[PDB]
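These notes are about the structure you will find just below.
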């Protein structure tokens with residue numbers, strides 16, 4: 001049950017029912033295009049000039065302008081139908097934006113998980129390597145010219161920080177492995193034992209071999225985590241979640257404005273329709289057509305408030321499409337999404353107690369209307385039923401009396 | 414409700430009362446933002462405005 005007028009509660013034709021939001025990547029350009037496809041419809045309404053509104057949303061008609069009320073009613077009905085369709089599209093825009101936001105959250109969640117795993121692996125390798133380096137350095141008797149004195153790993157890029165860079169550390173580890181493999185081959189020479197001031201001993205080779213084996217065992221496990229971290233950090237940089245939140249806010253404001261636009265058009269259509277009509281009954285000391293005319297002053301303020309909100313909602317997107325303060329210090333952060341979500345939810349909660357003021361008046365007038373229309377059928381229905389019942393009762397009684405006369409004449413014979 | 418003489422320790426009273434007094438901290442503060450943040454669930458990551 002769903003129409004411009006309905007008695008079935010929440011409706012999907014307006015954007016009030018529940019809808020799932022799987023993580024599906026809808027590009028921000030798609031959001032911008034879909035939102036601008038509707039924002040062009042509201043330029044005349046947001047301007048506020050009545051002449052522009054009547055020129056844009058109302059059709060002039062045949063070259064010879066017909067001033068009869070029927071053409072005016074038809075034009076208003078067409079405008080109302082167009083507004084209804086625009087509202088139907090703005091409904092689906094919301095779900096599109098929500099799915100985009102969900103995907104944008106999932107990607108950088110996975111990216112930061114992978115980064116943490118890779119950093120932990122690097123920290124473990126750093127913990128494991130250094131003691132063997134010290135042990136091998138302690139067991140050296142050469143002059144230190146070709147077989148140099150080793151230095152502690154990660155001398156520049158401090159890995160123990162929470163969010164440091166991690167490529168220079170890997171390159172330093174690779175360079176250390178290369179240096180170890182280079183210095184290992186000179187241990188196989190024949191004239192390395194030059195003199196007492198520089199020579200080799202028995203325990204240098206086992207230490208060097210153990211260090212090389214540990215490095216080779218660590219790198220083999222380090223590699224896949226580095227690859228996954230790089231791949232996932234590159235992917236999460238191709239989507240921002242803040243602009244999608246802004247688009248969601250803008251589309252919600254657009255739907256809110258389209259609601260009152262449709263309400264105004266429907267009110268005008270119904271007011272024009274009830275001209276000199278049989279259904280224009282009188283209630284509460286006034287005519288039914290009179291009740292509709294009183295709705296405009298409140299709508300002209302509620303729509304003003306909605307347009308004031310939508311103007312800021314529109315201006316926010318244009319100035320913050322691709323610029324700093326929308327992307328932040330690192331690839332994954334929820335300290336900014338949470339605050340904006342909180343503010344948006346608070347604004348959504350607050351606005352549900354404002355539109356209801358005019359919603360209840362519209363519901364009151366509409367309720368008067370369908371109550372009168374539906375009550376002006378039950379008398380006729382019951383009258384027809386009672387007439388049929390009485391006719392059937394009389395017919396049955398008459399035929400029974402005829403049957404009694406029949407048996408009378410039969411057994412009297 | 415009846416009330417037979419049964420010894421419930423004052424520490425039990427304090428714990429049972431504080432188990433409820435934590436619920437009313439946001440309401441007793443009086444700030445509407447704290448109330449809506451504490452007693453109302455935000456929902457799915459994509460905030461549904463329906």
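Protein chains in written order, with our numbering: chain G, 1 to 413; chain U, 414 to 463.
The beta-carbon is built from N, C-alpha and C at its ideal position, and this holds for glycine as well.
Taking the Cβ atom as the reference point for each residue, do residue i and residue j lie within a distance shorter than 8 Å?
i: residue 153 of chain G; j: residue 184 of chain G; result: no
i: residue 207 of chain G; j: residue 99 of chain G; result: no
i: residue 263 of chain G; j: residue 299 of chain G; result: yes
i: residue 180 of chain G; j: residue 169 of chain G; result: no
i: residue 372 of chain G; j: residue 281 of chain G; result: yes
i: residue 246 of chain G; j: residue 320 of chain G; result: yes
i: residue 222 of chain G; j: residue 126 of chain G; result: no
i: residue 142 of chain G; j: residue 233 of chain G; result: no
i: residue 58 of chain G; j: residue 79 of chain G; result: yes
i: residue 129 of chain G; j: residue 150 of chain G; result: no
i: residue 95 of chain G; j: residue 250 of chain G; result: no
i: residue 326 of chain G; j: residue 243 of chain G; result: yes
i: residue 254 of chain G; j: residue 90 of chain G; result: yes
i: residue 111 of chain G; j: residue 225 of chain G; result: no
i: residue 338 of chain G; j: residue 328 of chain G; result: no
i: residue 4 of chain G; j: residue 93 of chain G; result: no
DSSP state of residue i, grouped into three classes?
i: residue 36 of chain G; result: helix
i: residue 256 of chain G; result: helix
i: residue 413 of chain G; result: coil
i: residue 11 of chain G; result: coil
i: residue 307 of chain G; result: helix
i: residue 283 of chain G; result: strand
i: residue 367 of chain G; result: helix
i: residue 327 of chain G; result: strand
i: residue 319 of chain G; result: helix
i: residue 137 of chain G; result: helix
i: residue 417 of chain G; result: Shown here, chain G extends from 1 to 413; a query on residue 417 of chain G therefore has no answer.
i: residue 198 of chain G; result: strand
i: residue 222 of chain G; result: helix
i: residue 242 of chain G; result: helix
i: residue 178 of chain G; result: helix
i: residue 107 of chain G; result: helix
i: residue 455 of chain U; result: coil
i: residue 47 of chain G; result: helix
i: residue 87 of chain G; result: helix
i: residue 148 of chain G; result: coil
i: residue 173 of chain G; result: helix
So which residues of chain U does residue i contact, with C-beta pairs closer than 9 Å?
i: residue 21 of chain G; result: 457, 458, 459, 461
i: residue 421 of chain G; result: Summary: the structure shown does not reach residue 421 of chain G, with chain G confined to residues 1 through 413, and so no result is reported for it.
i: residue 98 of chain G; result: 457, 458, 459, 460, 461
i: residue 72 of chain G; result: The premise fails here: residue 72 of chain G is roughly 35 Å from chain U at the closest Cβ pair, so nothing lies under 9 Å.
Just mark residue i as buried or exposed, buried being the case when its beta carbon has 16 or more other beta carbons within 10 Å.
i: residue 363 of chain G; result: exposed
i: residue 27 of chain G; result: exposed
i: residue 413 of chain G; result: exposed
i: residue 62 of chain G; result: exposed
i: residue 140 of chain G; result: buried
i: residue 87 of chain G; result: buried
i: residue 14 of chain G; result: buried
i: residue 454 of chain G; result: The displayed coordinates of chain G run from 1 to 413. Any statement about residue 454 of chain G would go beyond what the structure contains.
i: residue 459 of chain U; result: buried
i: residue 369 of chain G; result: buried
i: residue 45 of chain G; result: buried
i: residue 108 of chain G; result: buried
i: residue 216 of chain G; result: exposed
i: residue 195 of chain G; result: exposed
i: residue 353 of chain G; result: exposed
i: residue 193 of chain G; result: exposed
i: residue 378 of chain G; result: exposed
i: residue 341 of chain G; result: buried
i: residue 260 of chain G; result: buried
Give the residues of chain U in contact with residue i, contact being defined as C-beta atoms less than 7 Å apart.
i: residue 345 of chain G; result: 455, 460
i: residue 105 of chain G; result: 458
i: residue 102 of chain G; result: 458, 459
How would you list, in chain order, the residues of chain U whose beta-carbon sits under 8 Å from the beta-carbon of residue i?
i: residue 341 of chain G; result: 455, 460
i: residue 17 of chain G; result: 463
i: residue 349 of chain G; result: 449, 453
i: residue 252 of chain G; result: 462
Could you work out which residues of chain G lie near residue i, taking near to mean beta carbons separated by less than 8 Å?
i: residue 450 of chain U; result: 342
**Asked** In the region 420–440 of chain U, which residues sit with their C-beta less than 8 Å from some C-beta in chain G, listed in chain order?
**Response** The residues in question: there are none.
**Item:** chain U contacts from the region 78–94 of chain G (Cβ-Cβ distance under 9 Å)
**Value:** Residues passing the 9 Å Cβ filter: 94.
**Request:** Could you please tell me which residues of the region 302–324 of chain G, in chain order, have their CB closer than 7 Å to any CB of chain U?
**Result:** Residues of the region 302–324 of chain G with a Cβ closer than 7 Å to any Cβ of chain U: none.
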